[PDB]
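Text of upload34.cif, listed as mmCIF, C-alpha atoms:
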```
data_coords
loop_
_atom_site.label_atom_id
_atom_site.label_comp_id
_atom_site.auth_asym_id
_atom_site.auth_seq_id
_atom_site.Cartn_x
_atom_site.Cartn_y
_atom_site.Cartn_z
CA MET G 1 134.23 81.46 -71.47
CA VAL G 2 135.52 84.01 -68.97
CA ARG G 3 135.37 83.19 -65.23
CA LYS G 4 135.67 79.50 -66.21
CA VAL G 5 138.67 78.51 -68.35
CA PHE G 6 139.84 74.93 -68.84
CA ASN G 7 143.37 73.53 -68.95
CA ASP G 8 144.86 70.23 -70.06
CA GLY G 9 144.52 68.39 -66.76
CA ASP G 10 141.26 70.01 -65.66
CA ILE G 11 138.36 67.80 -64.64
CA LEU G 12 135.20 68.25 -66.71
CA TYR G 13 132.28 68.31 -64.28
CA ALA G 14 128.67 67.61 -65.17
CA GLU G 15 127.58 71.06 -64.03
CA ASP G 16 129.91 72.59 -66.63
CA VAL G 17 128.50 70.39 -69.40
CA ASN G 18 124.93 71.21 -68.35
CA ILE G 19 125.82 74.91 -68.39
CA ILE G 20 127.35 74.68 -71.87
CA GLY G 21 124.22 72.80 -72.97
CA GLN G 22 122.16 75.97 -72.67
CA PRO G 23 123.84 78.57 -74.90
CA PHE G 24 123.11 82.21 -74.17
CA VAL G 25 123.63 85.15 -76.50
CA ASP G 26 123.17 87.95 -73.97
CA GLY G 27 126.84 88.89 -74.20
CA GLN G 28 127.47 88.14 -70.53
CA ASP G 29 130.76 87.03 -69.02
CA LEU G 30 129.58 83.63 -67.77
CA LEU G 31 130.66 80.25 -69.09
CA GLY G 32 127.86 79.61 -71.57
CA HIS G 33 126.94 83.19 -72.47
CA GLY G 34 128.73 83.79 -75.75
CA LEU G 35 128.04 87.21 -77.25
CA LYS G 36 125.27 89.55 -78.30
CA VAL G 37 123.49 89.33 -81.66
CA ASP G 38 124.26 91.87 -84.38
CA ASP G 39 122.66 92.33 -87.80
CA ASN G 40 125.05 89.81 -89.37
CA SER G 41 123.98 87.18 -86.83
CA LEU G 42 120.41 87.55 -88.11
CA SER G 43 119.45 85.37 -91.05
CA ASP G 44 119.83 86.81 -94.55
CA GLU G 45 116.59 85.17 -95.68
CA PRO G 46 114.08 87.34 -97.59
CA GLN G 47 111.29 86.16 -95.28
CA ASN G 48 113.04 87.37 -92.12
CA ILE G 49 112.79 90.56 -90.10
CA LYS G 50 116.22 91.83 -91.12
CA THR G 51 115.51 91.77 -94.86
CA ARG G 52 112.06 93.33 -94.49
CA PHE G 53 113.21 96.05 -92.11
CA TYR G 54 116.15 96.96 -94.33
CA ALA G 55 113.97 96.96 -97.44
CA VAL J 1 130.30 71.99 -86.71
CA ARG J 2 133.56 72.10 -88.66
CA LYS J 3 135.62 69.95 -86.29
CA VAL J 4 133.89 66.59 -85.82
CA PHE J 5 134.50 64.31 -82.84
CA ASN J 6 134.19 60.54 -82.86
CA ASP J 7 134.99 57.60 -80.61
CA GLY J 8 138.68 57.56 -79.73
CA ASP J 9 139.12 61.32 -80.00
CA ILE J 10 140.54 63.09 -76.96
CA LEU J 11 138.74 66.23 -75.83
CA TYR J 12 141.00 69.26 -75.51
CA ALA J 13 140.75 72.27 -73.23
CA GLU J 14 140.71 74.63 -76.21
CA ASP J 15 137.83 72.63 -77.67
CA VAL J 16 135.75 73.17 -74.53
CA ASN J 17 136.71 76.85 -74.39
CA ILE J 18 135.59 77.28 -78.00
CA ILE J 19 132.42 75.27 -77.40
CA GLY J 20 131.77 77.24 -74.22
CA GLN J 21 131.48 80.48 -76.23
CA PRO J 22 128.57 80.00 -78.65
CA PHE J 23 128.39 82.19 -81.73
CA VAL J 24 125.19 82.34 -83.76
CA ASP J 25 126.34 83.46 -87.20
CA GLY J 26 126.02 80.50 -89.57
CA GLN J 27 129.79 80.10 -89.83
CA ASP J 28 131.01 76.51 -90.18
CA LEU J 29 133.23 76.25 -87.12
CA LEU J 30 133.30 74.20 -83.93
CA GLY J 31 131.34 76.62 -81.75
CA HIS J 32 129.46 78.67 -84.36
CA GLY J 33 125.93 77.34 -84.54
CA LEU J 34 123.72 78.96 -87.17
CA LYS J 35 122.02 82.20 -88.17
CA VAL J 36 119.10 83.57 -86.15
CA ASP J 37 115.75 83.35 -87.94
CA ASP J 38 112.42 84.85 -86.91
CA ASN J 39 111.50 81.83 -84.79
CA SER J 40 114.70 82.17 -82.76
CA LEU J 41 113.55 85.70 -81.88
CA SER J 42 111.45 86.00 -78.75
CA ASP J 43 107.72 85.91 -79.46
CA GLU J 44 106.23 87.49 -76.33
CA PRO J 45 105.18 91.16 -76.54
CA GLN J 46 107.47 94.06 -75.63
CA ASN J 47 109.96 92.62 -78.13
CA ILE J 48 111.05 93.72 -81.58
CA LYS J 49 109.45 90.72 -83.30
CA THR J 50 105.79 91.36 -82.45
CA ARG J 51 106.31 95.13 -82.41
CA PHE J 52 107.71 95.10 -85.94
CA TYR J 53 105.19 92.66 -87.37
CA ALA J 54 102.12 94.30 -85.82
CA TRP J 55 102.95 97.28 -88.06
CA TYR J 56 104.46 95.50 -91.06
CA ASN J 57 101.59 93.02 -91.43
CA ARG J 58 98.79 95.52 -90.80
CA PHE J 59 95.76 95.06 -93.07
CA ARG J 60 97.79 92.73 -95.27
CA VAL J 61 95.72 90.98 -97.94
CA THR J 62 96.46 87.35 -98.79
CA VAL J 63 94.73 84.74 -100.95
CA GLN J 64 93.05 82.58 -98.32
CA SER J 65 91.20 80.26 -100.71
CA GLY J 66 89.60 80.63 -104.12
CA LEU J 67 88.22 84.16 -104.37
CA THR J 68 88.31 84.58 -100.58
CA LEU J 69 91.08 86.93 -99.43
CA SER J 70 92.22 87.27 -95.83
CA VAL J 71 92.93 90.64 -94.22
CA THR J 72 94.95 90.69 -91.02
CA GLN J 73 93.82 92.65 -87.99
CA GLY J 74 94.52 96.33 -87.54
CA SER J 75 93.18 99.68 -86.45
CA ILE J 76 92.25 102.92 -88.19
CA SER J 77 91.92 106.51 -86.98
CA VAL J 78 88.83 108.45 -88.06
CA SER J 79 89.10 112.04 -86.81
CA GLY J 80 90.93 110.73 -83.74
CA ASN J 81 88.52 107.87 -83.04
CA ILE J 82 90.26 104.50 -83.11
CA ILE J 83 88.31 101.69 -84.78
CA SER J 84 89.84 98.22 -84.56
CA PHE J 85 89.24 95.34 -86.95
CA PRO J 86 89.96 91.67 -86.26
CA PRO J 87 91.27 89.45 -89.06
CA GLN J 88 88.48 89.30 -91.61
CA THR J 89 87.77 87.78 -95.02
CA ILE J 90 86.27 89.18 -98.21
CA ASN J 91 85.57 87.74 -101.66
CA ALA J 92 87.23 89.32 -104.67
CA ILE J 93 85.21 90.40 -107.69
CA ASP J 94 85.58 87.64 -110.25
CA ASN J 95 87.16 88.15 -113.68
CA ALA J 96 88.27 91.64 -112.70
CA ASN J 97 91.19 93.79 -111.60
CA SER J 98 89.47 94.85 -108.40
CA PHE J 99 90.63 96.90 -105.42
CA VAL J 100 90.44 95.92 -101.75
CA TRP J 101 90.29 98.98 -99.52
CA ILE J 102 88.81 100.28 -96.26
CA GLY J 103 86.34 103.14 -96.08
CA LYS J 104 82.78 104.10 -96.97
CA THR J 105 80.48 104.75 -99.91
CA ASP J 106 77.87 107.33 -100.83
CA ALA J 107 75.16 104.77 -99.99
CA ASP J 108 76.76 103.59 -96.74
CA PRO J 109 78.31 105.67 -93.93
CA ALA J 110 79.74 102.69 -92.04
CA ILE J 111 83.51 102.35 -92.40
CA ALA J 112 84.34 98.79 -93.40
CA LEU J 113 86.44 96.60 -95.67
CA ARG J 114 85.17 96.81 -99.24
CA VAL J 115 86.05 95.46 -102.67
CA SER J 116 85.32 97.62 -105.70
CA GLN J 117 86.56 98.04 -109.27
CA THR J 118 87.84 101.62 -108.90
CA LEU J 119 89.71 103.17 -106.00
CA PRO J 120 87.56 105.85 -104.34
CA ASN J 121 89.07 109.27 -103.74
CA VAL J 122 88.76 108.92 -99.95
CA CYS J 123 89.87 105.48 -98.77
CA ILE J 124 92.72 103.44 -97.35
CA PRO J 125 94.02 101.36 -100.27
CA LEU J 126 95.04 97.84 -99.32
CA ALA J 127 95.50 95.73 -102.45
CA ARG J 128 94.90 95.36 -106.17
CA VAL J 129 93.58 91.85 -106.81
CA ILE J 130 93.45 90.39 -110.32
CA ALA J 131 91.05 87.44 -110.31
CA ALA J 132 89.79 85.23 -113.13
CA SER J 133 87.45 82.22 -113.28
CA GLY J 134 86.83 81.89 -109.56
CA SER J 135 90.55 82.10 -108.78
CA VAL J 136 92.81 84.94 -107.63
CA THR J 137 95.51 85.23 -110.29
CA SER J 138 97.53 87.85 -108.42
CA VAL J 139 97.54 90.22 -105.45
CA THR J 140 99.56 93.45 -105.39
CA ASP J 141 100.08 95.15 -102.03
CA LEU J 142 98.98 98.79 -102.04
CA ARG J 143 99.45 99.77 -98.38
CA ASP J 144 103.03 98.48 -98.44
CA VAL J 145 105.32 100.24 -96.00
CA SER J 146 108.02 100.39 -98.68
CA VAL J 147 105.88 101.84 -101.49
CA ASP J 148 105.07 105.54 -101.12
CA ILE J 149 101.75 106.91 -102.37
CA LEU J 150 102.24 110.30 -103.99
CA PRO J 151 99.46 112.77 -103.13
CA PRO J 152 97.02 113.94 -105.82
CA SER J 153 97.50 117.15 -107.75
CA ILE J 154 96.38 120.46 -106.25
CA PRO J 155 92.73 121.06 -107.20
CA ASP J 156 92.10 123.65 -109.89
CA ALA J 157 90.74 126.67 -108.04
CA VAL J 158 87.74 128.63 -109.25
CA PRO J 159 88.86 131.03 -112.02
CA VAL J 160 89.47 134.59 -110.90
CA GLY J 161 86.56 136.86 -111.75
CA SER J 162 84.15 133.93 -112.01
CA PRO F 1 100.81 130.26 -86.34
CA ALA F 2 103.83 128.84 -84.50
CA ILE F 3 104.31 125.08 -84.91
CA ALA F 4 104.45 123.33 -81.54
CA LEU F 5 103.07 120.48 -79.46
CA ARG F 6 99.42 121.19 -78.65
CA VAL F 7 96.72 119.55 -76.55
CA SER F 8 93.28 120.35 -77.95
CA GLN F 9 89.72 119.04 -77.88
CA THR F 10 89.47 118.14 -81.58
CA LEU F 11 92.25 117.28 -84.01
CA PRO F 12 92.66 119.91 -86.75
CA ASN F 13 92.32 118.78 -90.34
CA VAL F 14 96.04 119.31 -90.99
CA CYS F 15 98.37 118.25 -88.16
CA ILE F 16 100.59 115.41 -86.99
CA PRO F 17 98.40 113.40 -84.60
CA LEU F 18 100.30 111.90 -81.68
CA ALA F 19 97.83 110.54 -79.14
CA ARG F 20 94.35 110.63 -77.67
CA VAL F 21 94.17 111.01 -73.89
CA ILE F 22 91.14 110.36 -71.68
CA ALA F 23 91.44 112.32 -68.44
CA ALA F 24 89.13 112.05 -65.43
CA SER F 25 89.50 113.43 -61.90
CA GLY F 26 92.82 115.03 -62.80
CA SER F 27 94.15 111.59 -63.74
CA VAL F 28 94.80 109.91 -67.08
CA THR F 29 92.86 106.68 -67.52
CA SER F 30 94.06 105.90 -71.04
CA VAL F 31 96.49 107.13 -73.70
CA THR F 32 96.02 105.77 -77.23
CA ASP F 33 98.81 106.13 -79.77
CA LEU F 34 97.68 107.93 -82.93
CA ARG F 35 101.07 107.71 -84.65
CA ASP F 36 101.70 105.69 -87.80
CA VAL F 37 103.41 102.91 -85.84
CA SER F 38 100.10 101.99 -84.18
CA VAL F 39 97.21 103.22 -86.33
CA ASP F 40 96.37 103.95 -89.95
CA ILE F 41 94.76 107.36 -90.37
CA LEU F 42 91.70 107.52 -92.61
CA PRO F 43 91.26 110.94 -94.25
CA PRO F 44 87.84 112.47 -93.54
CA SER F 45 87.92 113.96 -97.04
CA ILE F 46 90.28 115.07 -99.80
CA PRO F 47 90.62 118.62 -101.18
CA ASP F 48 88.64 118.59 -104.42
CA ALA F 49 88.21 120.95 -107.37
CA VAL F 50 84.92 122.11 -108.89
CA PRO F 51 83.06 118.93 -109.93
CA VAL F 52 82.74 118.09 -113.60
CA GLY F 53 79.38 119.13 -115.02
CA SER F 54 78.88 121.89 -112.47
CA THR F 55 78.03 125.35 -113.79
CA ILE F 56 79.75 128.52 -112.60
CA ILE F 57 78.43 131.95 -113.52
CA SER F 58 80.90 134.68 -114.46
CA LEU F 59 80.73 138.37 -115.34
CA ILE F 60 83.81 138.34 -117.57
CA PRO F 61 83.32 140.49 -120.70
CA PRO F 62 83.39 138.76 -124.09
CA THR F 63 86.85 140.22 -124.74
CA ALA F 64 88.29 138.26 -121.82
CA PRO F 65 89.42 134.74 -122.79
CA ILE F 66 87.41 131.65 -121.90
CA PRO F 67 88.68 130.07 -118.65
CA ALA F 68 90.61 126.84 -119.13
CA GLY F 69 88.92 123.59 -118.19
CA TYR F 70 85.44 124.96 -118.90
CA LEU F 71 82.96 124.89 -121.76
CA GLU F 72 80.71 127.80 -122.68
CA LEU F 73 76.93 127.49 -122.86
CA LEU F 74 75.48 129.11 -125.97
CA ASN F 75 72.03 130.18 -127.13
CA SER F 76 71.44 126.77 -128.76
CA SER F 77 72.59 123.22 -128.10
CA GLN F 78 76.11 122.33 -129.22
CA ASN F 79 77.51 119.07 -130.57
CA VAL F 80 80.71 118.40 -128.61
CA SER F 81 83.06 115.51 -129.28
CA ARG F 82 82.73 112.63 -126.85
CA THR F 83 86.45 111.79 -126.96
CA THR F 84 87.58 115.34 -126.14
CA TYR F 85 85.08 115.70 -123.28
CA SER F 86 85.06 112.08 -122.12
CA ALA F 87 84.61 113.16 -118.49
CA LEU F 88 81.60 115.33 -119.32
CA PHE F 89 80.23 112.69 -121.68
CA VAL F 90 80.47 110.11 -118.89
CA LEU F 91 78.80 112.41 -116.36
CA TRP F 92 76.08 113.63 -118.76
CA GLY F 93 75.56 111.09 -121.53
CA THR F 94 73.13 112.25 -124.21
CA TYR F 95 70.61 113.72 -121.75
CA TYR F 96 71.06 117.06 -123.55
CA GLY F 97 70.87 115.60 -127.05
CA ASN F 98 72.67 112.80 -128.86
CA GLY F 99 74.61 114.99 -131.27
CA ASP F 100 75.39 112.76 -134.22
CA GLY F 101 74.71 109.74 -132.00
CA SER F 102 78.14 108.14 -132.46
CA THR F 103 81.04 110.49 -131.66
CA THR F 104 79.47 113.71 -130.33
CA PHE F 105 76.87 114.49 -127.69
CA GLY F 106 74.64 117.47 -127.09
CA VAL F 107 75.23 120.41 -124.77
CA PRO F 108 72.20 122.48 -123.71
CA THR Q 1 76.27 126.87 -103.39
CA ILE Q 2 77.34 125.31 -106.69
CA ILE Q 3 74.94 125.13 -109.64
CA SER Q 4 75.01 121.99 -111.78
CA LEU Q 5 73.19 120.57 -114.80
CA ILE Q 6 73.99 116.90 -114.13
CA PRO Q 7 71.11 114.48 -114.82
CA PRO Q 8 69.33 112.85 -111.86
CA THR Q 9 70.99 109.52 -112.68
CA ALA Q 10 74.42 111.11 -112.21
CA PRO Q 11 75.79 110.62 -108.68
CA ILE Q 12 76.05 113.56 -106.30
CA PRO Q 13 79.61 114.93 -106.09
CA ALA Q 14 81.25 113.82 -102.87
CA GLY Q 15 81.18 116.28 -99.99
CA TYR Q 16 78.06 118.02 -101.31
CA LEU Q 17 74.55 118.35 -99.90
CA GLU Q 18 71.65 118.27 -102.36
CA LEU Q 19 68.93 120.90 -101.96
CA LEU Q 20 65.48 119.41 -102.51
CA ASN Q 21 62.06 120.99 -102.93
CA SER Q 22 61.40 121.45 -99.21
CA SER Q 23 63.56 122.18 -96.19
CA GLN Q 24 65.71 119.48 -94.61
CA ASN Q 25 67.26 118.83 -91.20
CA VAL Q 26 70.83 117.55 -91.23
CA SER Q 27 72.95 116.54 -88.26
CA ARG Q 28 75.06 119.29 -86.73
CA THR Q 29 77.91 116.89 -85.95
CA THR Q 30 77.89 115.24 -89.39
CA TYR Q 31 78.11 118.65 -91.10
CA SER Q 32 80.09 120.64 -88.54
CA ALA Q 33 81.89 123.04 -90.88
CA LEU Q 34 78.49 123.87 -92.37
CA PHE Q 35 76.75 124.37 -89.02
CA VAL Q 36 79.45 126.62 -87.57
CA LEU Q 37 79.09 128.88 -90.62
CA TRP Q 38 75.36 128.86 -91.38
CA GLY Q 39 74.21 128.48 -87.81
CA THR Q 40 70.59 127.95 -86.88
CA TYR Q 41 69.61 130.48 -89.55
CA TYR Q 42 67.62 128.30 -91.97
CA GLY Q 43 65.74 126.55 -89.18
CA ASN Q 44 66.03 124.37 -86.08
CA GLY Q 45 65.26 120.80 -87.08
CA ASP Q 46 65.84 119.77 -83.46
CA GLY Q 47 67.21 121.23 -80.24
CA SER Q 48 70.94 120.60 -80.45
CA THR Q 49 71.47 117.69 -82.89
CA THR Q 50 70.21 118.82 -86.32
CA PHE Q 51 69.92 122.13 -88.15
CA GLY Q 52 67.75 123.26 -91.01
CA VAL Q 53 68.53 123.31 -94.72
CA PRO Q 54 66.65 125.69 -97.05
#
```

Could you express the structure from this file as structure tokens?
Amino acid sequence: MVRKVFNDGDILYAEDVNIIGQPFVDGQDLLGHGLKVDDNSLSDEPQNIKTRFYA
Amino acid sequence: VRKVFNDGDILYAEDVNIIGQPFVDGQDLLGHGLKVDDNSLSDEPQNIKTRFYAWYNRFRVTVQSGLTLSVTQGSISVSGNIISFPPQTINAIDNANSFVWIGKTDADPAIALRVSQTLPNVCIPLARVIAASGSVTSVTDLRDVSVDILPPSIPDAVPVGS
Amino acid sequence: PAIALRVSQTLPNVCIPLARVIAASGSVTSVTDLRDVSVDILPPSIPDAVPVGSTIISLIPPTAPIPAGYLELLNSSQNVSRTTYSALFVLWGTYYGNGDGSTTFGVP
Amino acid sequence: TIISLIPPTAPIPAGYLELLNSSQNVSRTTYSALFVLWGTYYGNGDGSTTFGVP
């Protein structure tokens, strides 16, 4: 999102689409790297690590 | 997810900026994908997944088939000596409320996985299995990391003057 | 008696085990984690009381009261209730007499 | 030493060594707390692996 921001007349290049195609959750500043994963982002399913660890 | 595109729609810069920032949280929005399950977590070692489950699922007893129960791999410490066990199987005692544990008997010094009808005083309890008619009706986890085993009462000392 | 981090040759019966280290030529070949996160400790034994059915000899005068949790051996066999002394009845049976044969058993 | 009247069919209490008619030789390492206390005083079953039992 940061270091690559689009505007109304901006061309959409194939490299940008390929980058967005691989989402990253490392919290980095790049185009496809969204944000880190907190406890909420983990699934609230009883069979998952969050529920077991909190139990 | 929330906003849906179709033929004839015009892509907007804000749409790409939203899409460019993925959020994994299960929220129903354009860029918010879904909630992270165990599979989405990295499976190679030196990661919280395998680290957590190698301790959580240690010597866990499950009904493999019929009276045959599966015990996951693990390790035990006997006076500082580490003895490792691969995943093994053992047959429950039929028509009984038996106990699956790890230890030894008076007639056998080898430390191994055993099924009895009464928990020995010195053992590592694993499960209480209720089985009937060649089938395992229920399994109750005894080595659970959430259940806490209270220690036994202080032994009655020899009476003074005796 | 001070509680601290100690490197010994054999783990004491009561302690918090941390690791086992194998050292050769002034170098550490291996360190094995003895904590709960890696291993499950098997107790060598439990602290136990005097076993049921064992006999202890005492010098206490007759005026002193009978110790709790014990039965007194008399000049003749006794008939003791099986329900009250279920532990002793289990460990002994009727090997010292059948008592009535239904609800009591004999004590030598 | 604990004296008991339990019948032969009754199991030996755990953590106890039965004393039979003759002497025995039990492993020093298996019974370490016993060997450090008694010592080689009731016999030397072997050189450095077992010790005697009256």

Residues of chain J near chain G: apply a cut-off of 9 Å, count all atoms listed in the file, and supply the list as a PyMOL selection string.
chain J and resi 12-14+16-26+34-38+49+52-53+56+146

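With the cut-off set to 12 Å and all atoms listed in the file counted, chain J residues close to chain Q are residues 79, 104, 105, 106, 107, 109, 120, 121, 122 and 158 of chain J.
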
Hey, could you make a per-residue contact list for chain F against chain Q with 6 Å as the cut-off, showing the nearest pair of atoms and its distance in Å to one decimal, counting only C-alpha atoms, sorted by chain and number, as JSON lines?
```
{"residue": "F:53", "atom": "CA", "partner": "Q:6", "partner_atom": "CA", "distance": 5.9}
{"residue": "F:54", "atom": "CA", "partner": "Q:4", "partner_atom": "CA", "distance": 3.9}
{"residue": "F:55", "atom": "CA", "partner": "Q:4", "partner_atom": "CA", "distance": 4.9}
```

To verify the selection step, state as a ChimeraX atom specification which residues the PyMOL selection byres ((chain F) within 9 of (chain J)) yields on this input.
/F:10-13,17,19-20,32,34,36-50,56-60,67-69

Applied to this file, what does the PyMOL selection byres ((chain Q and resi 35) around 12) return in terms of residues, put as a count of residues only?
25

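Going from atom CA of residue 90 of chain F to atom CA of residue 117 of chain J covers 16.6 Å.
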
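This file gives the following result for the PyMOL selection byres ((chain F and resi 94) around 10): residues 82, 89, 90, 91, 92, 93, 95, 96, 97, 98, 99, 101, 104, 105, 106 and 107 of chain F; 7 of chain Q.
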
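Atom CA of residue 20 of chain Q to atom CA of residue 52 of chain F spans 20.6 Å [interatomic distance, one decimal].
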
Centre and edges of the segment 142-147 of chain J box, axis-aligned, 6 Å extra per side, as JSON:
```
{"center_x": 103.5, "center_y": 100.2, "center_z": -99.0, "size_x": 21.0, "size_y": 15.4, "size_z": 18.0}
```

Report, in Å to a single decimal, how far apart atom CA of residue 149 of chain J and atom CA of residue 62 of chain J are.
20.6 Å

Once N, CA and C atoms are restored for segment 16-27 of chain G, what would the output be as a PDB file, in the coordinates of the input?
```pdb
ATOM      1  N   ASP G  16     129.369  71.826 -65.511  1.00  0.00           N
ATOM      2  CA  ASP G  16     129.910  72.590 -66.630  1.00  0.00           C
ATOM      3  C   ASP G  16     129.267  72.165 -67.949  1.00  0.00           C
ATOM      4  N   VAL G  17     129.101  70.859 -68.160  1.00  0.00           N
ATOM      5  CA  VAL G  17     128.500  70.390 -69.400  1.00  0.00           C
ATOM      6  C   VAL G  17     127.039  70.820 -69.484  1.00  0.00           C
ATOM      7  N   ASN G  18     126.315  70.747 -68.367  1.00  0.00           N
ATOM      8  CA  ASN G  18     124.930  71.210 -68.350  1.00  0.00           C
ATOM      9  C   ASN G  18     124.848  72.703 -68.638  1.00  0.00           C
ATOM     10  N   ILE G  19     125.803  73.478 -68.124  1.00  0.00           N
ATOM     11  CA  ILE G  19     125.820  74.910 -68.390  1.00  0.00           C
ATOM     12  C   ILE G  19     126.061  75.174 -69.871  1.00  0.00           C
ATOM     13  N   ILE G  20     127.058  74.503 -70.451  1.00  0.00           N
ATOM     14  CA  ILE G  20     127.350  74.680 -71.870  1.00  0.00           C
ATOM     15  C   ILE G  20     126.169  74.215 -72.723  1.00  0.00           C
ATOM     16  N   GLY G  21     125.363  73.287 -72.208  1.00  0.00           N
ATOM     17  CA  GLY G  21     124.220  72.800 -72.970  1.00  0.00           C
ATOM     18  C   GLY G  21     123.188  73.872 -73.258  1.00  0.00           C
ATOM     19  N   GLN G  22     123.092  74.888 -72.407  1.00  0.00           N
ATOM     20  CA  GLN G  22     122.160  75.970 -72.670  1.00  0.00           C
ATOM     21  C   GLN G  22     122.917  77.206 -73.129  1.00  0.00           C
ATOM     22  N   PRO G  23     123.119  77.385 -74.431  1.00  0.00           N
ATOM     23  CA  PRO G  23     123.840  78.570 -74.900  1.00  0.00           C
ATOM     24  C   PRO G  23     123.027  79.827 -74.698  1.00  0.00           C
ATOM     25  N   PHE G  24     123.723  80.902 -74.347  1.00  0.00           N
ATOM     26  CA  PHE G  24     123.110  82.210 -74.170  1.00  0.00           C
ATOM     27  C   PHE G  24     123.826  83.204 -75.066  1.00  0.00           C
ATOM     28  N   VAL G  25     123.066  84.150 -75.606  1.00  0.00           N
ATOM     29  CA  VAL G  25     123.630  85.150 -76.500  1.00  0.00           C
ATOM     30  C   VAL G  25     123.379  86.541 -75.937  1.00  0.00           C
ATOM     31  N   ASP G  26     123.361  86.660 -74.612  1.00  0.00           N
ATOM     32  CA  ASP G  26     123.170  87.950 -73.970  1.00  0.00           C
ATOM     33  C   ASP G  26     124.460  88.741 -73.835  1.00  0.00           C
ATOM     34  N   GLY G  27     125.582  88.195 -74.293  1.00  0.00           N
ATOM     35  CA  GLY G  27     126.840  88.890 -74.200  1.00  0.00           C
ATOM     36  C   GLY G  27     127.457  88.919 -72.821  1.00  0.00           C
TER      37      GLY G  27
END
```
